[PDB]
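Note sheet for the following structure.
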Amino acid sequence: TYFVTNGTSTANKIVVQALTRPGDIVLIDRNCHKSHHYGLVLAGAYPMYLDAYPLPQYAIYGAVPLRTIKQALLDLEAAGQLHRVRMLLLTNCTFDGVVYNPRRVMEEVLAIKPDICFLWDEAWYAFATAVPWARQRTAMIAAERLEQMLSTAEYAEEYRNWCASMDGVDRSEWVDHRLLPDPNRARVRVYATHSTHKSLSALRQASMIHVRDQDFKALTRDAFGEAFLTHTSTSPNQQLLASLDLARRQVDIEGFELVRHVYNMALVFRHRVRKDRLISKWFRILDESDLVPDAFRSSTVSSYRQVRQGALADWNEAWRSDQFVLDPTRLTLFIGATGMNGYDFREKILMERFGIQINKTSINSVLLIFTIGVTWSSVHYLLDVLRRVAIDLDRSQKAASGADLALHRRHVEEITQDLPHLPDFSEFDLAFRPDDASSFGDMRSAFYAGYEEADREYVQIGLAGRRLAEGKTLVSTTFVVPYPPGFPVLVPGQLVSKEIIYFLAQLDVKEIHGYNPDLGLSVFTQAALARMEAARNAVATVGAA
Amino acid sequence: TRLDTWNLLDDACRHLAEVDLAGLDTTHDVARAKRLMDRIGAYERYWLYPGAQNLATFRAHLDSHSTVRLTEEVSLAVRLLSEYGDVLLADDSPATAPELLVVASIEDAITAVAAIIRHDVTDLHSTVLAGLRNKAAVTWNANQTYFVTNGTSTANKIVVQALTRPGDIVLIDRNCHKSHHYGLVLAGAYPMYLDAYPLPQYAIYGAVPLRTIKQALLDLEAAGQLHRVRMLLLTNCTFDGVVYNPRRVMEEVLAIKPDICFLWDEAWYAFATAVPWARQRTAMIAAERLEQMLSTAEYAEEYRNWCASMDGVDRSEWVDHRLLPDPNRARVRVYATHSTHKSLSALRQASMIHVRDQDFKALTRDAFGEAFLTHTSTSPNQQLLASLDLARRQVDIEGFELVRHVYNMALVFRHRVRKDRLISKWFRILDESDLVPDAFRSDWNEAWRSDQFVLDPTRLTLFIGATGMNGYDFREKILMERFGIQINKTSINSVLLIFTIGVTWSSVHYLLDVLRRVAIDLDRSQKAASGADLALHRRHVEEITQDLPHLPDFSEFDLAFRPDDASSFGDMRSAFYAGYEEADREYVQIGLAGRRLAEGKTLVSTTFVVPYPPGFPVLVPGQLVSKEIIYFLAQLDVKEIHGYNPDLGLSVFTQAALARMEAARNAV
Amino acid sequence: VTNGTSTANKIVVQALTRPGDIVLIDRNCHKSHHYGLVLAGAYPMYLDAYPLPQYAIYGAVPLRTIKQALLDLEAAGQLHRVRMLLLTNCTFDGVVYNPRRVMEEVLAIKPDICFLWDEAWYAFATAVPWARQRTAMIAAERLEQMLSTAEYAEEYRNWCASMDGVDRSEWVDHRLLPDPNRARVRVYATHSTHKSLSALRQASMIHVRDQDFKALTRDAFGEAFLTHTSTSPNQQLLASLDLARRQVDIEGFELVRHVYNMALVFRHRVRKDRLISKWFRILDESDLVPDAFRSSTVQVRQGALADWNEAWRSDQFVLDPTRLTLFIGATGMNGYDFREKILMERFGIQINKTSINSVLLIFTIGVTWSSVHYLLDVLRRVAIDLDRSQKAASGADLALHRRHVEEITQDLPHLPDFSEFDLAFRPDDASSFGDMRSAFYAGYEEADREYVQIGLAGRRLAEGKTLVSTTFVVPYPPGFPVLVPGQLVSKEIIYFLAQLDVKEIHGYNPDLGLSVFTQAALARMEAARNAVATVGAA
């Protein structure tokens with residue numbers, strides 16, 4: 001552990017620079033916070049974007065299924081490119097609150113690429129110290145358990161029997177099998193970068209780069225220190241920051257009381273929002289049955305008849321063994337029954353800043369982030385707000401009898417019953433793909449090539465569809481980061497596939513980052529793309545002449 | 001995992017059709033679907049609900065390339081498996097199903113589905129999983145309550161200091177929380193210890209029978225020192241779980257000393273709130289009813305009749321007769337202390353003190369406030385009240401019906417232990433009749449209030465004597481090393497199960513599973529045992545179960561410490577602090593103690609000996625060591641005793657110091 | 001320690017002291033300290049701070065006094081009893097003791113005493129340069145290093161030669177060096193880790209620097225730690241936690257430093273602002289420490305590094321830069337009123353104390369450039385309105401203003417110094433320590449207690465029927481116990497008590513009277529004590 005004074009994105013830039021050099025491929029969860037993509041522009045690495053499983057009924061994105069990661073690695077393996085792959089950047093505890101199972105992810109990824117490094121952005125997973133079984137899903141504990149496992153002889157026997165079980169299966173088919181990391185080759189090179197409690201507060205100061213690296217002392221110590229000083233300062237006291245604080249920093253004992261208080265407040269809120277029948281009539285709190293498709297979990301509520309309430313901890317195996325679970329301190333609230341949009345609800349109904357937060361407003365839901373300021377007063381206030389909303393909705397239902405029942409039904413069906421498509425990642429343009437078969441992009445070159453004011457042009461969203469049908473393909477020159485998704489839907493050099501233009505065309509918000517409806521979507525001119533493709537062909541020739 | 005493989009096959013059979021409607025080469029999806037069905041079929045024979053005939057039928061759809069049928073079929077099958085995926089019997093029957101299912105496979109037993117087996121039928125259908133079918137904040141309990149910022153130890157010290165002055169005599173339960181003994185050390189009060197009734201069958205103390213309280217009061221009255229006493233400190237409930245009837249003690253004691261204060265340490269009796277009859281046995285409710293009773297004229301007439309009967313009865317005779325407090329003379333002065341909402345992993349302890357004293361406002365209110373300053377410390381300008389409000393809010397999370405829910409689980413667990421008939425063979429839970437003597441034991445609810453003693457349902461003593469091994473051996477070898485159960489006490493032939501709010505259904509079921517599996521190990525050892533091994537098991541049972549040393553009753557305070565020779569109350573404070581002088585105390589080994597006694601040299605303990613840190617002291621400062629106590633110390637397995645260590649002898653006052661302090665007190 | 005600071009004091013006191021020990025405790029210390037002394041039977045010898053009548057506040061206790069009291073017990077032959085010197089490293093007003101000197105000279109007299117320092121007020125000493133030296137653990141480190149050196153053994157040899165032939169009674173007039181062989185540094189300290197007030201006000205730590213801890217006190221310390229805080233499965237915190245090189249808080253270093261540079265900016269602006277400084281002043285070592293205790297003699301805010309360092313190294317008393325006493329006497333307005341009305345809205349600065357003519361500004365981690373600018377704005381508005389009303393003054397308004405200034409500046413009342421314990425409770429009639437515990441418990445005997453009106457009490461003293469208080473009396477303005485159980489209510493204490501119109505004083509009520517001992521009860525208790533002192537000695 002190393003204390004970084006300058007926030008989480010600085011820690012990410014430090015570790016990315018310590019681990020990656022230009023032209024390395026990194027696998028990156030596409031929906032991660034935009035600051036991760038700029039770091040890959042800066043490092044000059046090529047992203048291979050992994051696309052999360054969609055939840056269109058909420059217009060939410062989940063995590064990246066581990067089969068997606070295995071397929072994406074084996075695609076490059078068939079291309080012969082896999083040697084390039086240097087990193088697997090994933091965000092643990094994604095903003096939506098889906099939580100990865102890092103132990104299995106590392107096991108199966110290290111089955112394919114025995115020397116990959118893992119970076120986990122854990123800035124959202126702050127309260128895992130409170131929750132009794134959440135700690136094991138932290139990267140730094142999963143890496144410990146995996147390194148212990150890789151050490152034992154019993155595991156060497158288990159792997160012997162596993163590779164005997166797989167014997168005669170093609171490497172291409174390992175996407176369909178449960179893999180184990182070869183204890184001879186796999187090496188645990190895990191990194192995690194979590195925000196401090198002070199940073200959790202709206203002012204952002206400080207972070208910590210946790211390290212569980214087998215090959216730090218040999219391969220990366222120098223690069224890591226160099227990048228540390230590069231991204232902070234080259235002044236006295238930076239070296240002191242470079243000093244470790246792993247067996248130190250026990251001051252959290254006072255902190256532990258606070259994180260456990262916050263967790264107990266989250267439990268109280270969940271139980272009083274589920275029991276209270278005024279609130280429960282309309283409001284709901286999504287759980288693993290709603291936000292995680294059944295394909296990614298073995299725990300099924302209906303299949304075991306001796307059911308238990310579940311307020312109590314009768315589901316300890318889910319944490320240990322499922323792919324995806326929800327962080328209990330990041331509570332999604334479903335307002336679909338009410339009929340109000342999430343943005344409308346957050347902005348008007350409550351405006352609650354005393355404790356808790358609503359960082360994200362979904363089309364039919366509002367996410368509730370329990371911070372370190374929450375108190376009994378704050379949760380009782382929020383519950384009272386919910387209760388008053390429910391009472392006035394019941395009043396409107398009573399009035400609804402006189403021809404307003406159809407308006408309530410219309411609002412509810414429109415927000416919940418009817419949903420738009422979620423646009424998954426297109427592909428990089430040929431101009432910016434170094435290998436014509438693979439999907440990783442030269443996104444840095446597209447970023448810089450996008451500033452050539454003679455190579456860019458503007459197209460209106462109403463014309464883009466016909467331009468695409470005309471074969472005048474569209475390639476974006478810049479990032480585009482709409483507010484509701486909160487992540488880049490387009491990146492430099494990405495093809496604006498029909499689904500993505502259809503997505504952008506719906507947005508009323510004019511102040512989208514990277515795009516402007518009054519000017520148009522910035523795209524490469526056709527001649528510029530032809531020139532870029534010719535340059536790529538020249539490179540692919542001289543590199544093999 | 002079987003579900004994972006079926007979901008992968010569902011994905012393959014979906015994409016097969018998604019390609020087929022496009023007209024590209026489906027051969028890849030056909031090959032994938034065939035490989036996936038081949039993988040699934042290695043074990044699908046063992047699960048009834050999806051079936052193996054259905055697997056083969058989907059294979060037949062695959063090779064007939066009827067893609068659009070296969071997609072919908074598999075996506076129905078996998079969703080059915082996801083939501084239902086069928087109680088399941090695990091061997092066949094020819095009977096025409098006279099819920100129930102059958103699978104022909106027996107040995108593999110992979111389904112793990114309440115499974116049953118048949119030979120090479122209601123006796124098996126009668127298997128059942130039933131029973132598992134389930135200020136605005138004040139406790140409403142008393143006229144005053146004061147939330148302490150520290151654990152009950154400190155609420156007890158606060159009340160003791162508030163009411164007790166140096167040179168008072170306090171009647172004190174021998175077996176009470178060590179914090180009370182230290183409170184008496186601080187106050188400079190003289191304890192007079194009431195020994196509880198023994199249970200030699202189990203090597204546990206029960207409770208103080210009311211006759212002992214009356215006898216102690218009358219003994220002090222005969223010595224003429226009764227006026228000095230002003231506190232009957234008795235725990236309500238016990239670690240054992242025997243429950244005092246507070247009203248009976250309060251009335252029959254106020255007959256003799258109509259101005260004594262009562263302190264009831266209720267810390268253990270957390271679950272009294274859960275059930276109403278238990279609520280009646282709580283001290284505060286009893287105090288309110290007693291106060292109401294005294295005021296009424298009708299009670300006064302009842303008292304007049306009792307007094308008429310009492311006339312012609314000497315004071316010594318009173319102990320035999322029931323007594324009723326005089327209405328005019330008696331003052332209710334009842335104090336209680338309760339621990340609040342303790343977390344499984346909390347660094348903070350919170351308590352409350354419940355006061356129902358008529359004289360409190362004038363006699364002790366100032367002292368009570370100063371005691372709070374002396375312990376909690378309050379603030380220069382009081383902000384403690386802000387933290388008092390906070391404590392109530394913490395209760396609100398606790399009050400999710402969790403206490404009742406745990407109480408129901410405890411009853412279910414007891415029922416399961418009796419009901420199974422496999423657990424019953426080697427394990428039972430002690431009945432109220434077992435843990436209460438017939439003399440002290442009398443609608444069930446009426447009987448419960450009427451009885452002098454009852455059992456708290458949530459503190460179940462598991463009896464293990466049929467296992468022939470100690471409670472320490474059982475606890476360590478079976479529970480701790482296997483699962484995390486809430487046991488803490490370990491008796492010679494039993495262990496105590498405490499159903500705190502931290503207990504959850506999964507913990508109950510794992511405890512039941514552990515008991516069942518040990519009953520299987522013992523059944524197989526029984527069938528396997530030779531006559532010699534069975535005789536050895538009989539020896540193990542007879543030793544622990546039958547041959548037990550009687551408990552060490554309190555002996556006396558030394559003549560160095562009793563203020564007068566005609567009574568057993570002692571200057572425990574003086575002994576405690578005098579025991580700090582290292583030149584005045586010597587270490588005598590437990591094996592040497594008996595020789596010292598045989599040599600005619602007395603032994604006196606310098607310090608508390610407390611085998612369970614929150615439990616009760618076996619020895620107290622200034623108490624004479626006696627043979628039974630030596631045996632009790634020797635035979636206990638636990639080496640965690642506070643104020644002692646097995647590496648060292650008992651710290652004993654030296655004969656020169658004993659003679660000095662004896663002669664010094666003779667002048668008073 | 002997961003409980004407020006007073007619990008840490010309880011733990012260390014119970015771990016080091018036994019009933020009938022003498023504890024040299026400063027009287028100015030907060031009531032919670034004295035109550036702890038009542039517990040455990042300790043006999044306190046009260047040390048009296050040097051007065052500051054012109055502000056009606058008390059400073060530290062001069063080392064002169066500490067040495068004299070220890071020597072006085074030495075002449076009585078009682079010194080063997082002394083087991084502790086309870087002091088507060090930072091006074092509420094701000095006066096910072098120089099611990100290394102207070103421990104060198106004290107260990108010269110009593111080579112094996114234990115020191116307890118309440119440091120709860122000295123929170124920001126780790127921000128201020130040259131402040132950490134005056135803590136108890138750094139003073140203990142430096143003193144232990146010194147005692148180890150051979151060079152110090154030579155210095156001590158020469159010092160003994162200097163004192164050779166001086167009578168040991170005259171040691172109070174000469175500095176003293178602790179004999180290296182006998183001197184045993186056994187320092188303790190306690191503070192609060194930024195505890196939240198009102199709610200969860202439990203943060204505390206016990207700092208231990210004790211050469212004999214492992215041998216003489218480990219067991220007693222652990223037992224006291226469990227007694228005060230309930231025994232629990234989480235017993236790791238008491239035994240072997242040893243977090244000396246742990247709980248690094250780099251962010252907390254940035255927060256204490258932000259708050260210190262905030263105090264610096266406030267203290268500079270309040271001096272350079274031409275409106276504010278006309279009516280307001282912040283007190284300084286020149287004003288709050290009598291020059292007898294500052295060897296250094298004739299800008300501190302600007303520069304001052306390596307020049308004013310000497311004051312920290314060698315002085316007896318200095319001001320904590322964050323405990324800013326704002327003098328308001330030139331405003332002609334009493335502190336209680338100024339705080340109550342002008343500062344009613346309040347802010348992060350605590351302003352939690354109000355003397356007659358001054359208010360104490362206590363900076364806390366909740367401070368920002370906007371709390372500093374708010375307080376400066378308030379000051380400047382008060383100054384502007386005072387200028388306005390001064391310019392509007394007629395000669396009669398000038399007389400009014402000047403007398404409002406005079407009454408809070410010139411004739412301020414005498415501060416009541418500690419009266420000696422009553423004879424009934426002094427175990428040794430030659431010495432002024434008292435059995436304050438037995439006076440506390442003997443005070444609850446409703447037949448031995450009596451009430452006398454403050455006006456009557458002076459008459460009673462004239463008559464000759466001596467007055468002895470049964471209880472603590474803790475008036476709000478000084479904020480410490482002016483009377484304790486068994487203390488003689490000397491004439492000056494009666495006169496002081498008579499001025500206070502606040503009915504709500506702790507331990508006293510003017511509608512009811514001083515809770516004093518009856519004369520016959522005192523005679524009986526004296527006779528009992530003389531009987532004990534006879535049977536205990538022949």
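Residues are referred to by chain and number: the chain letter is A, B, ... according to the order shown in the structure tokens, the number counts from 1 in that chain, and ligands are numbered separately from 1 in the order shown.
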> chain A residues within 10 Å of chain C, counting only C-alpha atoms: which ones, as a list in words?
Replying inline: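 Listing them in order of chain and number gives residues 3, 5, 196, 198, 205, 206, 241, 245, 246, 247, 248, 249, 250, 251, 252, 253, 254 and 257 of chain A.
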Would you save the residues of that selection, restricted to N, CA and C atoms, as an mmCIF file, in the first residue's frame?
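And here is the file that came out, part_28.cif:
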data_model
loop_
_atom_site.group_PDB
_atom_site.id
_atom_site.type_symbol
_atom_site.label_atom_id
_atom_site.label_comp_id
_atom_site.auth_asym_id
_atom_site.auth_seq_id
_atom_site.Cartn_x
_atom_site.Cartn_y
_atom_site.Cartn_z
ATOM 1 N N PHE A 3 0.460 5.671 -0.253
ATOM 2 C CA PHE A 3 -0.480 6.769 -0.099
ATOM 3 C C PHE A 3 -0.247 7.782 -1.209
ATOM 4 N N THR A 5 -1.442 11.305 -2.654
ATOM 5 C CA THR A 5 -2.127 12.481 -2.141
ATOM 6 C C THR A 5 -3.150 13.064 -3.105
ATOM 7 N N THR A 196 -9.741 7.304 -0.437
ATOM 8 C CA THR A 196 -9.827 7.469 1.012
ATOM 9 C C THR A 196 -11.227 7.910 1.424
ATOM 10 N N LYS A 198 -11.969 10.506 3.188
ATOM 11 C CA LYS A 198 -12.057 11.939 2.909
ATOM 12 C C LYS A 198 -12.378 12.186 1.441
ATOM 13 N N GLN A 205 -9.707 14.245 -2.135
ATOM 14 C CA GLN A 205 -8.298 14.280 -1.776
ATOM 15 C C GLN A 205 -7.834 12.906 -1.317
ATOM 16 N N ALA A 206 -6.751 12.407 -1.909
ATOM 17 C CA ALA A 206 -6.056 11.209 -1.435
ATOM 18 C C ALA A 206 -6.572 9.901 -2.025
ATOM 19 N N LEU A 241 5.965 9.424 1.041
ATOM 20 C CA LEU A 241 4.723 8.859 0.533
ATOM 21 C C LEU A 241 5.009 7.521 -0.131
ATOM 22 N N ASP A 245 2.572 1.672 3.860
ATOM 23 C CA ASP A 245 1.702 1.846 5.015
ATOM 24 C C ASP A 245 0.729 0.677 5.122
ATOM 25 N N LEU A 246 1.249 -0.549 5.082
ATOM 26 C CA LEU A 246 0.386 -1.724 5.115
ATOM 27 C C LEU A 246 0.160 -2.201 6.545
ATOM 28 N N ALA A 247 1.234 -2.455 7.282
ATOM 29 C CA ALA A 247 1.134 -2.819 8.688
ATOM 30 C C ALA A 247 0.986 -1.597 9.584
ATOM 31 N N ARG A 248 0.942 -0.409 8.997
ATOM 32 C CA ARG A 248 0.682 0.852 9.662
ATOM 33 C C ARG A 248 -0.799 1.162 9.453
ATOM 34 N N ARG A 249 -1.189 2.423 9.602
ATOM 35 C CA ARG A 249 -2.550 2.838 9.264
ATOM 36 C C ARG A 249 -3.603 2.018 10.009
ATOM 37 N N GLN A 250 -3.354 1.765 11.288
ATOM 38 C CA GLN A 250 -4.298 1.114 12.188
ATOM 39 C C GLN A 250 -5.236 2.121 12.832
ATOM 40 N N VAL A 251 -5.104 3.396 12.455
ATOM 41 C CA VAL A 251 -5.947 4.485 12.930
ATOM 42 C C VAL A 251 -7.381 4.250 12.495
ATOM 43 N N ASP A 252 -7.574 3.374 11.516
ATOM 44 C CA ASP A 252 -8.884 3.012 11.008
ATOM 45 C C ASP A 252 -9.738 2.335 12.070
ATOM 46 N N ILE A 253 -9.169 1.984 13.230
ATOM 47 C CA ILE A 253 -9.987 1.411 14.296
ATOM 48 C C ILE A 253 -11.094 2.383 14.667
ATOM 49 N N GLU A 254 -10.770 3.665 14.788
ATOM 50 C CA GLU A 254 -11.836 4.643 14.942
ATOM 51 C C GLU A 254 -12.672 4.689 13.669
ATOM 52 N N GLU A 257 -15.401 1.887 13.315
ATOM 53 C CA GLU A 257 -16.663 2.154 13.984
ATOM 54 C C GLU A 257 -17.598 2.909 13.054
#
Members of segment 59-274 of chain C assigned strand (DSSP E) by DSSP, as a compact mmCIF listing (two decimals) with N, CA, C and O atoms, in the first residue's frame:
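Produced file selection_33.txt, reproduced below:
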# COMPACT_ATOMS: atom_id res chain seq x y z
N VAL C 82 4.41 9.77 48.44
CA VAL C 82 4.18 10.38 47.14
C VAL C 82 4.35 9.38 46.01
O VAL C 82 5.43 8.79 45.85
N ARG C 83 3.30 9.17 45.22
CA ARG C 83 3.33 8.25 44.10
C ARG C 83 3.05 8.89 42.74
O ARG C 83 3.20 8.20 41.73
N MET C 84 2.68 10.16 42.68
CA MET C 84 2.29 10.72 41.39
C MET C 84 2.38 12.24 41.41
O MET C 84 2.30 12.87 42.46
N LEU C 85 2.56 12.81 40.22
CA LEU C 85 2.47 14.25 39.98
C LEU C 85 1.53 14.45 38.80
O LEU C 85 1.98 14.50 37.65
N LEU C 86 0.24 14.53 39.06
CA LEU C 86 -0.75 14.75 38.01
C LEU C 86 -0.74 16.21 37.59
O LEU C 86 -1.11 17.09 38.37
N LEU C 87 -0.31 16.49 36.36
CA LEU C 87 -0.37 17.84 35.81
C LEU C 87 -1.07 17.77 34.46
O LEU C 87 -1.28 16.70 33.89
N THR C 88 -1.44 18.94 33.93
CA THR C 88 -2.02 19.06 32.60
C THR C 88 -0.98 19.73 31.70
O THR C 88 -0.56 20.85 31.98
N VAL C 95 -1.40 28.03 28.67
CA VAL C 95 -0.06 27.96 29.24
C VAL C 95 0.47 26.54 29.07
O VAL C 95 -0.14 25.58 29.55
N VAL C 96 1.60 26.40 28.40
CA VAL C 96 2.19 25.10 28.12
C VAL C 96 3.36 24.88 29.06
O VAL C 96 4.33 25.63 29.05
N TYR C 97 3.27 23.84 29.88
CA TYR C 97 4.38 23.49 30.76
C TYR C 97 5.57 23.02 29.94
O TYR C 97 5.43 22.41 28.88
N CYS C 114 6.00 8.73 39.51
CA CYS C 114 5.35 8.61 38.21
C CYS C 114 4.69 9.93 37.83
O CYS C 114 4.12 10.61 38.69
N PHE C 115 4.78 10.30 36.56
CA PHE C 115 4.16 11.50 36.02
C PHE C 115 2.97 11.13 35.16
O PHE C 115 3.05 10.21 34.34
N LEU C 116 1.86 11.83 35.36
CA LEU C 116 0.71 11.77 34.46
C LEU C 116 0.47 13.15 33.89
O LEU C 116 0.34 14.12 34.64
N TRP C 117 0.44 13.25 32.56
CA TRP C 117 0.15 14.50 31.87
C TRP C 117 -1.17 14.36 31.12
O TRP C 117 -1.27 13.55 30.20
N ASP C 118 -2.16 15.15 31.50
CA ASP C 118 -3.35 15.31 30.67
C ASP C 118 -3.02 16.25 29.52
O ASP C 118 -2.82 17.45 29.73
N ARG C 186 9.14 7.53 34.37
CA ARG C 186 7.89 6.76 34.31
C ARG C 186 6.73 7.67 33.90
O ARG C 186 5.76 7.85 34.63
N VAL C 187 6.84 8.27 32.72
CA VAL C 187 5.88 9.26 32.26
C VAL C 187 4.67 8.59 31.62
O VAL C 187 4.77 7.52 31.03
N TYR C 188 3.52 9.25 31.74
CA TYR C 188 2.29 8.84 31.08
C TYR C 188 1.63 10.07 30.48
O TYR C 188 1.90 11.20 30.88
N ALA C 189 0.75 9.85 29.50
CA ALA C 189 0.02 10.95 28.89
C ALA C 189 -1.29 10.43 28.33
O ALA C 189 -1.45 9.24 28.07
N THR C 190 -2.24 11.34 28.14
CA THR C 190 -3.55 10.98 27.61
C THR C 190 -4.09 12.14 26.80
O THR C 190 -3.88 13.30 27.15
N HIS C 191 -4.79 11.83 25.71
CA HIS C 191 -5.40 12.86 24.89
C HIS C 191 -6.61 12.28 24.16
O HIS C 191 -6.97 11.12 24.37
N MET C 205 -6.50 8.07 23.83
CA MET C 205 -5.32 7.22 23.83
C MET C 205 -4.56 7.40 25.14
O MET C 205 -4.54 8.48 25.71
N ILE C 206 -3.91 6.32 25.58
CA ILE C 206 -3.00 6.34 26.72
C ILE C 206 -1.59 6.15 26.19
O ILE C 206 -1.24 5.05 25.75
N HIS C 207 -0.78 7.20 26.21
CA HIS C 207 0.62 7.07 25.84
C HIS C 207 1.44 6.69 27.06
O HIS C 207 1.39 7.38 28.08
N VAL C 208 2.21 5.61 26.95
CA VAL C 208 2.99 5.06 28.06
C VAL C 208 4.47 5.11 27.69
O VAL C 208 4.87 4.57 26.66
N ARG C 209 5.27 5.73 28.56
CA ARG C 209 6.74 5.71 28.44
C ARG C 209 7.26 5.46 29.85
O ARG C 209 7.44 6.39 30.64
N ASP C 210 7.51 4.19 30.17
CA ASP C 210 7.68 3.76 31.55
C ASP C 210 8.69 2.63 31.58
O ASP C 210 8.42 1.54 31.08
> What are the residues of chain B that have an atom within 8 Å of an atom of chain A, counting only C-alpha atoms, as a VMD selection string?
Replying inline: chain B and resid 3 to 4 7 to 8 82 to 86 129 132 346 to 347 393 397 504 to 506
>> I need the contact residues of chain C against chain B, so if you could list those with any atom within 6 Å, counting only C-alpha atoms, and return them as a PyMOL selection string, that would help.
In response: chain C and resi 35+198-199+230
>> Just list as a ChimeraX atom specification whatever in segment 413-555 of chain B DSSP marks as helix (DSSP H, G or I).
In response: /B:413-420,423-426,432-435,444-450,465-467,471-480,505-528,531-546
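Picture a line from atom CA of residue 388 of chain C to atom CA of residue 276 of chain C; it runs 13.8 Å.
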>> Can you pull out the residues contacting residue 42 of chain A? Cut-off 12 Å, using only C-alpha atoms, and skip same-chain residues under 6 positions away; I want them as a list in words.
In response: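 Listed by chain and then number, they are residues 12, 13, 14, 16, 17, 20, 21, 22, 23, 35, 36, 442, 443, 444, 445, 447 and 448 of chain A.
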Pull N, CA and C atoms from the residues just selected and write them as a CSV table (one decimal), in the first residue's frame.
chain,number,residue,atom,x,y,z
A,12,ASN,N,-4.5,5.5,-10.6
A,12,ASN,CA,-4.6,4.7,-11.8
A,12,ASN,C,-3.6,5.1,-12.8
A,13,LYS,N,-3.3,6.4,-13.0
A,13,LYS,CA,-2.3,6.7,-14.0
A,13,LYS,C,-0.9,6.2,-13.6
A,14,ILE,N,-0.7,6.3,-12.3
A,14,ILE,CA,0.6,5.8,-11.7
A,14,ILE,C,0.8,4.3,-12.1
A,16,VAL,N,-0.9,2.3,-14.2
A,16,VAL,CA,-0.9,2.1,-15.7
A,16,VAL,C,0.5,2.4,-16.3
A,17,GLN,N,1.0,3.6,-15.9
A,17,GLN,CA,2.4,3.9,-16.4
A,17,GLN,C,3.4,2.9,-15.9
A,20,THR,N,2.3,-0.5,-18.2
A,20,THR,CA,2.1,-0.5,-19.6
A,20,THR,C,3.0,0.4,-20.3
A,21,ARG,N,3.3,0.1,-21.5
A,21,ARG,CA,4.1,0.9,-22.4
A,21,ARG,C,3.4,1.0,-23.8
A,22,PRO,N,3.7,2.0,-24.6
A,22,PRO,CA,3.0,2.2,-25.8
A,22,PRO,C,2.9,0.9,-26.7
A,23,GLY,N,1.6,0.7,-27.2
A,23,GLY,CA,1.3,-0.5,-28.1
A,23,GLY,C,1.0,-1.8,-27.4
A,35,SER,N,-12.3,8.8,-17.0
A,35,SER,CA,-10.9,9.1,-16.7
A,35,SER,C,-10.0,7.9,-17.0
A,36,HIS,N,-10.6,6.7,-17.0
A,36,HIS,CA,-9.8,5.5,-17.4
A,36,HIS,C,-9.4,5.5,-18.8
A,442,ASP,N,-6.2,1.6,-32.1
A,442,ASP,CA,-5.1,2.6,-31.9
A,442,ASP,C,-5.7,4.0,-31.5
A,443,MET,N,-6.4,3.9,-30.4
A,443,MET,CA,-7.3,5.0,-29.9
A,443,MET,C,-6.5,6.3,-29.7
A,444,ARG,N,-5.2,6.2,-29.3
A,444,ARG,CA,-4.4,7.4,-29.2
A,444,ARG,C,-4.3,8.1,-30.5
A,445,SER,N,-4.0,7.4,-31.6
A,445,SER,CA,-3.8,8.0,-32.9
A,445,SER,C,-5.0,8.6,-33.4
A,447,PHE,N,-7.3,9.9,-31.4
A,447,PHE,CA,-7.4,11.0,-30.5
A,447,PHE,C,-6.6,12.2,-31.1
A,448,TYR,N,-5.4,12.0,-31.4
A,448,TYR,CA,-4.6,13.1,-31.9
A,448,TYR,C,-4.9,13.4,-33.4
